[PDB]
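Engineer: Top to bottom, those sequences are chains A, B, C, D, E and F. Throughout the first sequence, residue numbering follows the working numbering, covering 5 to 58 in sequence. Throughout the second sequence, residue numbering follows the working numbering, covering 5 to 58 in sequence. Throughout the third sequence, residue numbering follows the working numbering, covering 274 to 326 in sequence. Throughout the fourth sequence, residue numbering follows the working numbering, covering 37 to 144 in sequence. Throughout the fifth sequence, residue numbering follows the working numbering, covering 319 to 372 in sequence. Throughout the sixth sequence, residue numbering follows the working numbering, covering 319 to 372 in sequence.
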Amino acid sequence: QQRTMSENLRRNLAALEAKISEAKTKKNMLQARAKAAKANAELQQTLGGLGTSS
Amino acid sequence: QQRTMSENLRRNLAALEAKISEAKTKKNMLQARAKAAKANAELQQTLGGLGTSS
Amino acid sequence: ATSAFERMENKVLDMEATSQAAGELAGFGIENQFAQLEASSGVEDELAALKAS
Amino acid sequence: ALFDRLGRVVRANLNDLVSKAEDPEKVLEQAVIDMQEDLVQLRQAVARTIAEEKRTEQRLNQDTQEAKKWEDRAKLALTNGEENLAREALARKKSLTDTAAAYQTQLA
Amino acid sequence: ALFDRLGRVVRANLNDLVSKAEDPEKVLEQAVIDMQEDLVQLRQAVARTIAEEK
Amino acid sequence: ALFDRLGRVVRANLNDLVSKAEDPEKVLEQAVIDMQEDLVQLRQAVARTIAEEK
């Protein structure tokens with residue numbers, strides 16, 4: 005009974021490590037998309053300042 | 005009898021989680037509609053101030 | 274889930290900023306028609322070169 | 037009430053003081069910065085309503101692709117032969133297409 | 319009985335006081351912690367009926 | 319009860335305060351130390367069940 009529980013805990017750890025590592029890499033990717041969106045906001049804001057100064 | 009009650013409680017939880025999560029997402033949506041209505045109120049209030057100053 | 278909501282709301286602010294930048298060109302006929310004419314004439318020039326080849 | 041006469045004289049004093057000051061160039065430069073501050077704040081308010089439009093549109097896209105993933109789960113349940121999972125995947129499609137229609141109505 | 323009028327005025331006073339306070343963000347953060355406390359207590363009650371099943 | 323309105327306003331105040339603070343880099347560094355502390359404690363729990371197996 006202890007070895008069937010020991011394998012069941014190994015499966016629980018393997019599933020948990022997979023979903024944690026997936027969630028962390030996807031969070032880094034969406035933060036890089038948000039950094040690109042911030043750069044497009046700066047581009048439009050400086051284009052507005054180029055418009056009023058020109 | 006305990007397993008038929010155990011499934012009945014699972015159905016009660018599943019229905020409760022569905023109606024709670026629906027109510028919370030709809031409350032966020034109507035708060036975003038209310039934020040848009042507040043922005044239209046600010047737009048009309050500042051247009052009144054543009055009217056009197058002009 | 275909590276940190277994923279902060280990531281989600283940050284990307285929603287990028288999409289609203291992107292929509293506001295697109296609205297600054299919406300109904301702004303001079304820049305809108307200039308970009309359309311540049312794209313249209315570029316394709317017609319590429320097809321004219323393909324017909325000459 | 038007595039405060040009324042003090043209101044009339046202070047209103048006359050501040051009108052004399054501003055009238056003595058006022059000039060064409062000062063009112064022109066004030067009028068262009070007034071309209072610039074009104075316009076930039078009102079365009080920020082439009083950017084908030086546009087952000088709610090794109091938020092509700094991306095929610096509609098997320099539900100409509102999730103509804104197709106529940107059809108994929110229903111097909112997988114039918115090839116497995118598990119009727120209770122196929123019927124749960126149908127109930128997921130029915131409820132998630134109702135939330136998609138709610139987001140589409142809000143977006144309209 | 320005489321206590322009734324004191325009940326009407328205190329009910330009006332507490333409604334004025336709460337109404338002056340209420341905002342969209344405060345009700346949203348309260349609503350998510352309310353459903354989290356309800357859900358964790360109800361899942362503990364399900365864990366008791368599951369423990370009686372096992 | 320009266321404590322309820324004080325709960326709504328303090329929940330709104332702490333949500334405003336945290337919202338003013340939050341940034342992508344701070345949540346990323348917190349999320350990696352959170353998963354490291356969860357993983358090392360859970361691996362210590364697996365080491366206890368392995369010790370009972372041996």
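From the three backbone atoms N, C-alpha and C, an ideal C-beta is built for every residue, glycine too.
Within 8 Å (strictly less), CB to CB, does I351(E) reach chain B?
Structural biologist: Your numbering for residue 351(E) matches position 33 in the fifth sequence. Chain B contact via Cβ: absent.
Engineer: At what residues does the alpha helix (DSSP H) containing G300(C) begin and finish?
Structural biologist: The residue given as residue 300(C) occupies position 27 in the third sequence. Unbroken run through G300(C): none, as it is neither H nor E.
Engineer: With a cut-off of 8 Å on the beta carbons, I'd call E347(E) and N333(F) a contact; round off their distance for me.
Structural biologist: As a working mapping, residue 347(E) is identified with position 29 in the fifth sequence. As a working mapping, residue 333(F) is identified with position 15 in the sixth sequence. Under the criterion of beta carbons closer than 8 Å, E347(E) and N333(F) qualify as touching, at roughly 4 Å.
Engineer: Between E340(F) and chain C, is there a C-beta pair that is closer than 8 Å?
Structural biologist: Within the sixth sequence, the letter at position 22 stands for residue 340(F). Answer yes: the Cβ-Cβ gap between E340(F) and chain C drops below 8 Å somewhere.
Engineer: Against chain F, with Cβ distances strictly below 8 Å, would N305(C) count as a contact?
Structural biologist: Mapped onto the third sequence, residue 305(C) falls at position 32. Taking Cβ atoms only, chain F never reaches closer than 8 Å to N305(C), which makes this a no.
Engineer: How about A36(B) and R91(D): do their beta carbons lie closer than 8 Å?
Structural biologist: Translated into positions along the second sequence, residue 36(B) becomes position 32. Translated into positions along the fourth sequence, residue 91(D) becomes position 55. Against a cut-off of 8 Å, the Cβ pair of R91(D) and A36(B) comes out as a contact.
Engineer: Count the other C-beta atoms from every protein chain shown that fall within 10 angstroms of the C-beta of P342(F), then say buried if there are 16 or more, exposed otherwise.
Structural biologist: The residue you call residue 342(F) lines up with position 24 of the sixth sequence. Counting Cβ neighbours within 10 Å, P342(F) comes out buried, since at least 16 surround it.
Engineer: What whole-angstrom Cβ distance do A83(D) and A290(C) have, given they're in contact under 8 Å?
Structural biologist: Working through the fourth sequence from its first residue, we reach residue 83(D) at position 47. Working through the third sequence from its first residue, we reach residue 290(C) at position 17. Right, their Cβ atoms sit about 7 Å apart.
Engineer: Could you round the C-beta distance between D74(D) and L54(B) to whole angstroms and report it? I think they count as a contact, below 8 Å.
Structural biologist: Indexing the fourth sequence from 1 puts residue 74(D) at position 38. Indexing the second sequence from 1 puts residue 54(B) at position 50. Correct: roughly 5 Å between the Cβ atoms.
Engineer: By how many angstroms is the C-alpha of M353(E) removed from the C-alpha of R15(A)?
Structural biologist: In the first sequence, the residue the question calls residue 15(A) occupies position 11. In the fifth sequence, the residue the question calls residue 353(E) occupies position 35. In this model, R15(A) and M353(E) are separated by some 31 Å (Cα to Cα).
Engineer: For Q5(A) and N12(A), what's the separation of their Cα atoms in angstroms?
Structural biologist: Sequence index remark: in the first sequence, residue 5(A) carries index 1 (1-based). Sequence index remark: in the first sequence, residue 12(A) carries index 8 (1-based). Rounded to whole angstroms, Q5(A) to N12(A) spans 11 Å at the Cα level.
Engineer: Tell me whether the beta-carbon of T50(B) lies closer than 8 Å to the beta-carbon of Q77(D).
Structural biologist: As a position in the second sequence, residue 50(B) is number 46, starting the count at 1. As a position in the fourth sequence, residue 77(D) is number 41, starting the count at 1. For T50(B) and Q77(D), yes; Cβs fall inside 8 Å.
Engineer: My output table needs one value for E343(E): the three-state DSSP class, helix, strand or coil.
Structural biologist: Numbered from 1 along the fifth sequence, position 25 holds the residue referred to as residue 343(E). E343(E) falls in the helix class under three-state DSSP.
Engineer: Quick check on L335(E) - is its C-beta less than 8 Å from some C-beta in chain B?
Structural biologist: By one-based count along the fifth sequence, residue 335(E) stands at place 17. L335(E) does not count as touching chain B.
Engineer: The stretch 275-308 of chain C: which residues have C-beta closer than 7 Å to a C-beta of chain F, in chain order?
Structural biologist: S276, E279 and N283
Engineer: Mind checking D322(F): buried by the 16 CB within 10 Å criterion, or exposed?
Structural biologist: Working through the sixth sequence from its first residue, we reach residue 322(F) at position 4. It is exposed - the Cβ of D322(F) has fewer than 16 other Cβ atoms within 10 Å.
Engineer: For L320(E), which three-state DSSP category applies?
Structural biologist: Within the fifth sequence, numbered from 1, the residue matching residue 320(E) stands at position 2. Correct three-state label for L320(E): coil.
Engineer: Report buried or exposed for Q293(C), applying the criterion of at least 16 other Cβ atoms within 10 angstroms of its Cβ.
Structural biologist: On the third sequence, position 20 is the one that residue 293(C) refers to. Per the 10 Å Cβ criterion, buried.
Engineer: Buried or exposed for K104(D), please, with buried defined as at least 16 other CB atoms from any protein chain shown within 10 angstroms of its CB.
Structural biologist: As a working note, residue 104(D) is residue 68 in the fourth sequence. Classification for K104(D): exposed.
Engineer: Keeping to the same chain, check which residues put their C-beta closer than 7 Å to that of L121(D); ignore five residues upstream and five downstream.
Structural biologist: Position 85 of the fourth sequence, counted from the start, is the residue given in the question as residue 121(D). Only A113 meet the Cβ criterion.
Engineer: From this set, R109(D), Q142(D), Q140(D) and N116(D), which residue's C-alpha is nearest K129(D)'s C-alpha?
Structural biologist: Counting from 1 along the fourth sequence, the entry for residue 129(D) is found at position 93. Closest by alpha carbon: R109(D).
Engineer: Label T85(D) either buried or exposed according to how many other C-beta atoms from any shown protein chain fall within 10 Å of its C-beta, with 16 as the threshold for buried.
Structural biologist: Taking the first residue of the fourth sequence as position 1, residue 85(D) is located at position 49. It is buried - the Cβ of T85(D) has at least 16 other Cβ atoms within 10 Å.
Engineer: Could you check the C-alpha separation between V316(C) and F307(C) for me, to the nearest Å?
Structural biologist: Your numbering for residue 316(C) matches position 43 in the third sequence. Your numbering for residue 307(C) matches position 34 in the third sequence. Roughly 14 Å separates the two Cα atoms.
Engineer: Our contact map puts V327(F) next to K344(E) with C-beta atoms below 8 Å; I'd like the distance itself, whole angstroms only.
Structural biologist: What you label residue 327(F) is simply residue 9 of the sixth sequence in a count that begins at 1. What you label residue 344(E) is simply residue 26 of the fifth sequence in a count that begins at 1. Right, the Cβ-Cβ distance comes to about 6 Å (below 8 Å), so this counts as a contact.
Engineer: I believe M288(C) touches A87(D) by the beta-carbon criterion, under 8 Å. Please report the beta-carbon distance rounded to the nearest angstrom.
Structural biologist: Mapped onto the third sequence, residue 288(C) falls at position 15. Mapped onto the fourth sequence, residue 87(D) falls at position 51. The Cβ separation is near 7 Å, so the contact holds.
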